[PDB]
């Protein structure tokens, strides 16, 4: 099944490296196609014939429960666009160990591995990692920072859309994330580009391969295609207080006589500050609780109300013609990545991600807990002590003070809120351009509203 061939493939690659080094083959000799073919064949025969012991990270009872879950409840994905395919990876947040996965609906009917082999755009699930997370890490925004959702066009002249909406006005990062509005994400990434932020440094530390970082739609998964396993590794980094661990299924290969062919080496990397990661956890908690883009919390509360009270955080994504739906879920202990789509890339139904995948993943999470009752954990995500708390205006997301609006030095006061920052000084004083993004026209309209309220 999917586990046998995934494990065999990874074991073969590790045996290939071992045999090449053992036989003292140069990096140069390894470039020779005939020599590579020989060493791949020799690696295969060594596993096939050799009596090696392959130790995996797979929790057999959990992985078996995930297979029974997709057998029993996979039909909940079928939405009247034909048989819907599925991939899921369950990952330990502290180690990057893969405890279990779903390769697809039924290996016997379709062998394609939707957990490790198929690459699709992660759509709006890019936003927390590539846009908001990095902006917070760089001290360019906090939890109650304001972004423009005013209408704006891509560089090709097309309006940036959210279903049938061309946009609204100013909104908090929280509203931007809960709805997954697109314009605020676009302005956030544009701000990173304008400031020359090394985005590629963050994404490559987490093992992402992105060919062009200049794509305006990058935060909406434009110019990005990822496996479920890889993308699960990104959400592992946010959930593990910003510390990446490389995903792995193989922990060790030993000869019969106990000689170590290969052993996984942990190389932890602080990709985001603890402040940034713990701020993002708080925002992604509200994405699921708000139930705007996913019914997941309603589905899970009904199936398993005790498990629904674990500290769930998550994010959804939908490609533009509903070809791909994503739901990424974490507790402090585990991350579960979920993709659905069609092997030939044709459209799912409009609600496939909102309802069907949410319901299926609620069943999958319940099946994992039933197989291993403590595995999700009862720990809460919590703000790191290094987080800076700023009292800011609800209206501007910046500290109270004086601003020049149309000549007249205006005293900006009103309702305040605590904003969480990952810098030293926290939020600055209100400036005229108080938000991420927006045109001179947008700001005229915004300030009109704010002055009216004083």
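We call the rigid core whatever largest set of C-alpha positions still superposes within 1.5 Å between the two forms. Numbering follows the first chain given and starts at 1.
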(request) Between 298-306 and 311-319, pick out the one whose C-alpha positions differ more from the shown form in 4 other deposited structures of this protein, using the rigid core for superposition. (result) 311-319
(request) Taking the root mean square of C-alpha distances over all structures and residues in 4 other deposited structures of this protein, with a rigid core superposition, name the larger of 321-329 and 375-383. (result) 321-329
(message) Regarding 306-314 and 253-261, which shows the higher C-alpha temperature factor on average in the entry?
(response) 253-261
(message) Averaging CA B factors per stretch from the PDB record, which one is higher: 238-246 or 262-270?
(response) 262-270
(message) Splitting the chain's C-alpha B-factors into thirds, which one does residue 130 fall into?
(response) middle
(request) Select lowest, middle or highest to describe the third in which the CA B-factor of residue 405 falls within its chain in this entry. (result) highest
(request) Relative to the other modelled residues of the same chain, rank the CA B-factor of residue 158 and answer lowest, middle or highest third. (result) highest
(request) Comparing against every modelled residue in the chain, figure out the third that the C-alpha B-factor of residue 92 lands in (lowest, middle or highest). (result) lowest
(message) How does the C-alpha B factor of residue 85 compare with the rest of the chain: lowest, middle or highest third?
(response) lowest
